[PDB]
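# Examining the three-dimensional arrangement
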Amino acid sequence: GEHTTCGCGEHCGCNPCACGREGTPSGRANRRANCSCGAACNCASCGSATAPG
Ligand SMILES: [Zn+2]
Ligand SMILES: [Zn+2]
Ligand SMILES: [Zn+2]
Ligand SMILES: [Zn+2]
């Protein structure tokens, strides 16, 4: 059915899957350059956008 997806309900690098897709990573903020997400993302692995980690 589904795939490993960010809990916000969207493929993101923070959820590796057999397809490893994360969507177009908007390089417009301090994210892993693999976080395409935007909308309602309570995933801790995506909130992380502070300090070099
Ligand atoms: Zn996938
Ligand atoms: Zn994300
Ligand atoms: Zn997300
Ligand atoms: Zn996430």
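Calculation rules
Residues numbered from 1 in each chain as written, not as in the entry; some residues may be left out. Chains lettered and ligands numbered in written order. Heavy atoms only, no water. Helix = DSSP H or I, 4+ residues; strand = E, 2+ residues; numbered from the N terminus. Rg over C-alpha atoms; globule rule 2.2 N^0.38 Å. Areas by Shrake-Rupley, 256 points an atom, 1.4 Å probe, with all protein chains shown as cover. Donors = N, O, S within 2.8 Å, 3.2 Å for Na, K, Ca; no water. Tetrahedral: all angles 85-135°; square planar, octahedral: opposite > 155°, others 65-115°. Buried < 20%, exposed > 50% of the residue type's maximum accessible area, 1.4 Å probe, protein only. Core = buried A, V, L, I, M, F, W, Y, C linked by side-chain atoms within 4.5 Å. Contact = heavy atoms within 4.5 Å.

Looking at the entry header, you'll see solution NMR listed as the method.

The secondary structure content of the protein amounts to 1 helix and 0 strands. Here the protein has a C-alpha radius of gyration of 11 Å; the compact-globule value for 53 residues is 10 Å, and the two agree. Principal-axis analysis of the C-alpha atoms gives the protein an extent of 35 × 20 × 20 Å. Surface summary for the protein: the accessible area is close to 3,800 Å², and the carbon and sulfur share equals 47%.

Here we take up the coordination of the zinc ion (ligand 4). Each protein donor to the zinc ion (ligand 4) is listed here as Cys6 (SG), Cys14 (SG), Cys43 (SG) and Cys46 (SG); together their distances run 2.3 to 2.4 Å. One can describe the site at the zinc ion (ligand 4) as tetrahedral: its 4 donor atoms subtend angles covering 104 to 113 degrees at the metal. A spacing of 3.7 Å is found between the zinc ion (ligand 4) and the zinc ion (ligand 2), which share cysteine 46 as a donor. Of the two residues, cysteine 43 and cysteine 46, both sit in the buried class.

Each donor-metal-donor angle would ideally measure 109.5 degrees in four-coordinate tetrahedral geometry, or 90 or 180 degrees in six-coordinate octahedral geometry. Of the protein atoms, only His3 (ND1), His11 (NE2), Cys17 (SG) and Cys19 (SG) coordinate the zinc ion (ligand 1), at distances of 1.9 to 2.4 Å. Taken in sequence order, the residues that donate to the zinc ion (ligand 1) follow the motif H-x7-H-x5-C-x1-C. When its relative accessible area of 16% is taken as the criterion, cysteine 17 is described as buried. Exposure remark for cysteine 19: the relative accessible area of 46% places this residue in the partly exposed category.

Moving on: the nonpolar core. Counting 7 residues, the largest nonpolar core consists of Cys6, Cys12, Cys35, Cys37, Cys41, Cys43 and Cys46. Leave out the neighbours within four places in its chain, and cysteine 43 touches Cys6 and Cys14.

Inspection of the secondary structure puts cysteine 46 in helix α1 (residues 44–47). Note on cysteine 46: relative accessible area 12%, which makes it buried. Separated by 34 residues in sequence, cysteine 46 and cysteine 12 place their C-alpha atoms 8.9 Å apart. Each residue touching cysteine 46, except ones within four places of it in the same chain, is listed here: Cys6, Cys12, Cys14, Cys35, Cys37 and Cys41.

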